[PDB]
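Take a look at the letters that make up each chain.
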Amino acid sequence: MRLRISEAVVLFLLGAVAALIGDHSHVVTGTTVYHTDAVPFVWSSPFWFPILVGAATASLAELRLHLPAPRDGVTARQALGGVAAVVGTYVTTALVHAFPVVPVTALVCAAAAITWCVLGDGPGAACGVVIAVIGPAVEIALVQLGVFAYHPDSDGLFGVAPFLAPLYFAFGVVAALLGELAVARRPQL
Amino acid sequence: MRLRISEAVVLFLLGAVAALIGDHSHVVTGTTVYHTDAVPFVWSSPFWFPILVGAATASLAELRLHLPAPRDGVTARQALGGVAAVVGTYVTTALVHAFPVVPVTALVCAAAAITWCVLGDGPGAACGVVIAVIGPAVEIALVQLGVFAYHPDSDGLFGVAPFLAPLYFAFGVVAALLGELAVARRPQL
Amino acid sequence: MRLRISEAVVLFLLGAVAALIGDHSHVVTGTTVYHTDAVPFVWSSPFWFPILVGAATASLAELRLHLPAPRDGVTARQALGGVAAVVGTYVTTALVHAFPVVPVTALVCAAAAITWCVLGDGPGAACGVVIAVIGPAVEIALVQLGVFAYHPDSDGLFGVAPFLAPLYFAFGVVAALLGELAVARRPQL
Ligand SMILES: CCCCCCCCCO[C@@H]1O[C@H](CO)[C@@H](O)[C@H](O)[C@H]1O
Ligand SMILES: CCCCCCCCCO[C@@H]1O[C@H](CO)[C@@H](O)[C@H](O)[C@H]1O
Ligand SMILES: CCCCCCCCCO[C@@H]1O[C@H](CO)[C@@H](O)[C@H](O)[C@H]1O
């Protein structure tokens with residue numbers, strides 16, 4: 001792969017920590033509820049949850065590095081801003097999940113579009129699209145299996161929240177940026 | 001006019017779609033209520049509402065092109081970001097309309113100032129001022145006529161919401177940017 | 001000092017006005033309650049409150065000018081954006097203070113990180129750290145003395161809100177920027 005093992009591990013850990021914060025926010029606000037008592041939990045989440053999101057973070061970053069022209073001008077400052085934007089949007093969905101679906105979903109779409117406008121390129125958007133489809137699909141399957149459920153006022157997309165689509169999209173854009181950063185920050189002459 | 005018909009139509013449609021999303025958000029949250037049963041509705045709005053906002057969008061864009069030095073460096077990326085900022089702010093007012101007037105209005109003013117800081121110039125601000133006056137004035141007249149009303153906790157500006165002033169201001173700044181974009185994106189040598 | 005008296009006064013007034021707006025927002029939403037009837041109030045605040053924040057604004061700006069390489073490229077546009085970001089974040093804490101501590105605090109941390117990413121440098125962050133410690137410390141002492149109290153759902157940091165840490169941090173970053181602006185905007189050849 002294009003990522004070095006150490007970079008992949010850092011990205012995995014970054015995704016896992018952000019996932020735990022966001023997922024705890026969803027649980028504590030009643031946005032979601034788990035129904036899987038048999039597995040070990042880490043904070044408010046089944047142990048496999050931060051593993052899934054962490055793995056997706058490293059995978060989307062790797063994917064970007066296989067797409068045309070990774071940007072060499074990416075900085076830690078841009079990456080911090082992107083992570084903050086995704087974390088901020090994630091926790092905001094926990095705060096507003098009980099409100100009507102259109103304004104809630106529109107707000108998250110606006111946040112995602114602005115994140116792309118500031119940080120994203122074409123291949124980054126493509127990564128955003130990939131996870132905007134796979135992310136909600138995995139969740140829909142999990143909900144179907146009874147692993148967890150969304151609050152009844154946040155389950156309009158086949159049992160999951162419509163805001164997942166732009167939330168995952170923004171995640172993909174930023175993970176792609178993190179992959180570009182991993183390469184760009186390597187030692188130079 | 002400086003805009004070509006096709007550009008004016010695209011801007012009109014853009015404004016109309018964004019207006020319908022925002023106005024549906026206000027209606028579904030109880031920010032506003034219509035009292036005009038005799039006219040055809042489009043989604044949650046009287047059919048003339050998206051026409052008014054769409055027309056204002058094309059008109060403010062046209063106005064900018066009659067003001068000094070339209071910027072030739074404007075991009076679709078900046079325009080998407082501006083539309084997202086205005087849509088995001090519009091739907092946020094629906095979410096927070098029941099809160100006390102000062103923090104709500106201050107939040108919208110902050111959003112509008114940041115939108116200008118990132119995207120606006122002097123003439124863009126002037127367009128923002130024009131609609132920040134005309135917009136609320138039209139609404140105040142409509143409310144006076146009994147066409148619709150604001151929620152009692154959001155009607156402190158002669159029967160309409162004080163947040164309309166910075167919301168319209170930000171709309172004007174972005175419409176002006178869209179006018180500049182319309183010209184800048186034309187085919188070049 | 002590096003600031004001229006007139007610049008220090010403008011910064012003091014700017015901080016005082018923003019403090020009064022934010023503090024009124026906290027009082028009117030029940031985020032905080034004062035228990036000091038013997039002193040003259042200005043709007044919703046004890047008269048010494050805007051003096052404290054105004055003084056901190058001028059002091060942090062002055063401090064930045066004693067740290068390495070004040071940036072000469074700072075503009076009024078950047079400064080307006082920074083003030084808007086801090087005011088917007090301040091009033092948002094009033095709106096969301098009743099929600100669970102983790103998502104609320106994470107949202108404010110995200111806002112602060114983005115503010116730094118867009119506007120801050122190393123010395124600006126250092127100023128942010130200074131007030132992120134001193135600010136909450138002063139508040140903790142004041143609460144201990146019974147001068148005011150936080151809402152029971154917003155008092156987890158020794159009697160004050162955990163969101164104060166990133167809120168003050170962002171304040172420090174922007175005050176530092178205002179100090180740089182004060183010097184940069186002086187008449188040039
Ligand atoms: C909602 C997402 C917001 C994330 C914050 C964006 C990162 C902030 C820093 O960005 C960078 O700032 C520099 C100074 O202007 C520019 O030189 C550079 O080109 C730009 O990329
Ligand atoms: C709250 C409103 C936020 C809207 C989002 C702003 C548009 C994002 C892209 O902007 C543009 O990004 C480029 C990369 O830095 C710069 O080269 C350019 O000069 C700048 O204009
Ligand atoms: C959440 C905090 C957001 C505050 C808003 C940031 C200030 C907006 C203007 O910034 C400036 O815009 C210019 C145009 O791109 C750049 O030339 C310049 O380098 C950049 O610094």
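About the criteria used
Bear in mind the residue numbers are our own, running from 1 along each chain as written, so they may not match the entry, and residues with no coordinates are left out. Think of it this way: whatever chain is written first is A, whatever ligand is written first is 1, and the rest follow in order. The side-chain figures draw on all heavy atoms in the structure; neither hydrogens nor water molecules are used. Residues with missing side-chain atoms are left out of burial classes, side-chain pairs and their counts. Strands here mean DSSP runs of E at least two residues long; helices mean DSSP runs of H or I at least four residues long; both are numbered from the N terminus. For the radius of gyration, the atom set is restricted to C-alpha positions; the globular benchmark scales as 2.2 Å times the number of residues to the power 0.38. The contact definition used throughout considers only heavy atoms, calling two residues in contact when any of these lie within 4.5 Å. Helix span, as expected, comes to 1.5 Å for every residue beyond the first. Buried, partly exposed and exposed residues are distinguished by accessible area as a fraction of the type maximum, computed with a 1.4 Å probe on protein chains only: under 20%, between the cut-offs, and over 50%, respectively. A 3.5 Å cut-off defines polar contacts: any pair of N or O atoms within that distance qualifies, except that in protein one atom must be a possible hydrogen donor and the other a possible acceptor, and neighbouring residues in sequence count only when both atoms are side-chain atoms. By the convention adopted, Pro, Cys, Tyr, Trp, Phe, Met, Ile, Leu, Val and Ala count as nonpolar, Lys, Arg, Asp and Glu as charged, and the other residues, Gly among them, as polar. Least-squares superposition on the C-alpha atoms is how the copies are aligned. Buried area: the accessible surface (1.4 Å probe) lost by two parts on joining, summed over both. Whenever a carboxyl oxygen of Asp or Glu lies within 4 Å of a side-chain nitrogen of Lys or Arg, that contact is scored as a salt bridge. Distances are taken per atom, and a residue is near a molecule or strand as soon as one of its heavy atoms is within 4 Å of it. In these tables, accessible area is a Shrake-Rupley quantity obtained with a 1.4 Å probe, and a residue counts as shielded only by the protein chains included in the view. Here the aromatic set is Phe, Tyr and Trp, taking the six-membered ring for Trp, and pairing holds for ring centres within 6.5 Å; pairs whose planes are under 30 degrees apart are stacked, those over 60 apart are edge-to-face, and all others are tilted. In this scheme, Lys NZ or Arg CZ marks a charge over a ring once it lies within 6 Å of the ring centre and within 35 degrees of the ring normal. Cavity and pocket criteria rest on a 1 Å grid covering protein atoms alone: a 1.4 Å probe that fits but cannot get out defines a cavity, protein on both sides within 12 Å along at least 5 of 7 lines defines an open pocket, and an atom within 4 Å of a point defines a lining residue. Grid points are joined across faces, edges and corners, and a volume is the space filled by probe spheres set on the points. UniProt positions are given in the numbering used here, feature names are shortened, and annotations may be inferred rather than shown by experiment. Residues qualify for a patch when their relative accessible area is over 30% and they have no salt bridge, like charges being joined within 9 Å and the nonpolar side chains of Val, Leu, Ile, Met, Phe, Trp and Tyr within 5 Å.

- Judging from the entry metadata, X-ray crystallography is the method by which this structure was determined, and 1.901 Å is the reported resolution.

**Thoughts on the overall build of chain A**
Working step 1: Regarding its fold elements, chain A presents six helices and four strands.
Working step 2: Against the compact-globule benchmark of 16 Å for 189 residues, chain A has a radius of gyration of 16 Å, which places it among compact chains.
Working step 3: C-alpha atoms of chain A, sized along the principal axes, occupy 55 × 35 × 25 Å.
Working step 4: Taking contacts inside chain A between residues at least 6 apart in sequence as the whole, the part at least 24 apart equals 77%.

**Some details on helix α3 (residues 76-96) of chain A**
Working step 1: End to end, α3(A) covers 30 Å across 21 residues, agreeing with the expected 30 Å (1.5 Å per residue, within 8%).
Working step 2: Most of α3(A) is tucked away, with 17 of its 21 residues classed as buried.

**Some remarks on the interface of chain B and chain A**
How large an interface is tends to be reported as the accessible area lost when its parts come together.
Working step 1: Each partner contributes residues to the interface: chain B has 15 residues there, and chain A has 14 residues.
Working step 2: Inspection of the region where chain B meets chain A yields three residue pairs in polar contact.
Working step 3: Elements with a minimum of two residues in the side of chain B that touches chain A: α1 (5-29) and α3 (76-96) of chain B.
Working step 4: Of the residues forming the side of chain B that touches chain A, the biggest block, nine residues, is contributed by α3(B).
Working step 5: Among the residues forming the side of chain B that touches chain A, the class breakdown is eight nonpolar, six polar and one charged.

**Brief notes about the relation of the copies chain B and chain A**
Working step 1: Note on the identical chains: chain B maps onto chain A by a rotation of 120° and an axial translation of 0.0 Å, with an RMSD of 0.0 Å. Those values place the two copies in the arrangement expected of a three-fold rotation axis.

**A short note on the interface of chain C and chain A**
Working step 1: In this assembly, 14 residues from chain C lie in contact with 15 residues from chain A.
Working step 2: When the buried surface of chain C facing chain A is broken down by residue, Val102(C), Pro103(C) and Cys117(C) rank first, second and third, together holding 37% of it.
Working step 3: Where chain C packs against chain A, one counts zero salt bridges.
Working step 4: On inspection of chain C and its partner chain A, the count reaches three residue pairs in polar contact.

**Quick look at the site of ligand 3**
Working step 1: Inspection of the region around ligand 3 gives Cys117(B), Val118(B), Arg77(C), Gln78(C), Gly81(C), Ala85(C) and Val118(C) as its neighbouring residues.
Working step 2: With respect to ligand 3, the chains having nearby residues are chains B and C.
Working step 3: Within the side chain of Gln78(C), an N or O atom sits 2.4 Å from an oxygen atom of ligand 3.
Working step 4: Across the complex, the protein chains shield 60% of the 540 Å² of accessible surface that ligand 3 would expose by itself.

**Details of the packing of aromatic side chains**
Working step 1: Going through the model one piece at a time under the given rule, you end up with nine aromatic pairs over all chains.
Working step 2: For the ring pair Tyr34(A) and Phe148(A), a centre distance of 5.6 Å and an interplane angle of 50° mean the geometry is tilted. Highlighted residues: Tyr34(A) in strand β1 (residues 32-34) and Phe148(A) in strand β4 (residues 148-150), separated in sequence by 114 residues. Of the two residues, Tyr34(A) and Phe148(A), neither departs from the other in class, the shared state being buried.
Working step 3: Aromatic rings pair up to connect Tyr34(A), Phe41(A), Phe148(A) and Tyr150(A) into one cluster.
Working step 4: When the ring centre of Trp116(C) is taken as origin, the NZ or CZ atom of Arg77(A), which lies over that ring, is 4.2 Å away.

**Overview of empty space enclosed by the protein**
Working step 1: Put simply, the largest cavity is a space of about 50 Å³.
Working step 2: Contributing to the lining of the largest cavity are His97(A), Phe99(A), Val101(A), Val104(A), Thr105(A), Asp153(A), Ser154(A), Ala161(A), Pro162(A) and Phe163(A).

**Examining the UniProt feature "transmembrane region" in chain A**
Residues and elements named next belong to chain A.
Working step 1: As recorded in UniProt, the feature "transmembrane region" lies at residues 5-27, 47-64, 76-97, 101-118, 124-145 and 162-179.
Working step 2: Between the C-alpha atoms that bound residues 47-64 the distance is 27 Å, and the span itself is 94% helix and 0% strand.
Working step 3: Annotated as residues 124-145, this span is 95% helix and 0% strand, and its ends, taken at the C-alpha atoms, are 32 Å apart.

**Focus on the site of ligand 1**
Working step 1: Taken together, the residues surrounding ligand 1 are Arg77(A), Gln78(A), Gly81(A), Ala85(A), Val118(A), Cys117(C) and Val118(C).
Working step 2: Looking at the residues close to ligand 1, they fall on chains A and C.
Working step 3: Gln78(A) places a polar side-chain atom, nitrogen or oxygen, 2.4 Å from an oxygen atom of ligand 1.
Working step 4: Notes on ligand 1: free accessible area 540 Å², of which the protein chains cover 60%.
Working step 5: Elements supplying a minimum of two residues to the shell around ligand 1: α3 of chain A together with α4 (101-119) of chain C.
Working step 6: Of the residues forming the shell around ligand 1, the biggest block, four residues, is contributed by α3(A).
Working step 7: The residue inventory of the shell around ligand 1, partitioned by class, reads four nonpolar, two polar and one charged.

**As for a nonpolar patch on the surface**
Residues and elements named next belong to chain A.
Working step 1: A cluster of nonpolar side chains, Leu52, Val129, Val130, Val133, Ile134 and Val138, forms an exposed patch at the surface whose accessible area comes to about 480 Å².
Working step 2: For the nonpolar patch, the leading source of residues is helix α5 (residues 122-144), giving five residues.
Working step 3: Within the secondary structure, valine 130 sits in helix α5.
Working step 4: The class for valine 130 is partly exposed, based on a relative accessible area of 35%.

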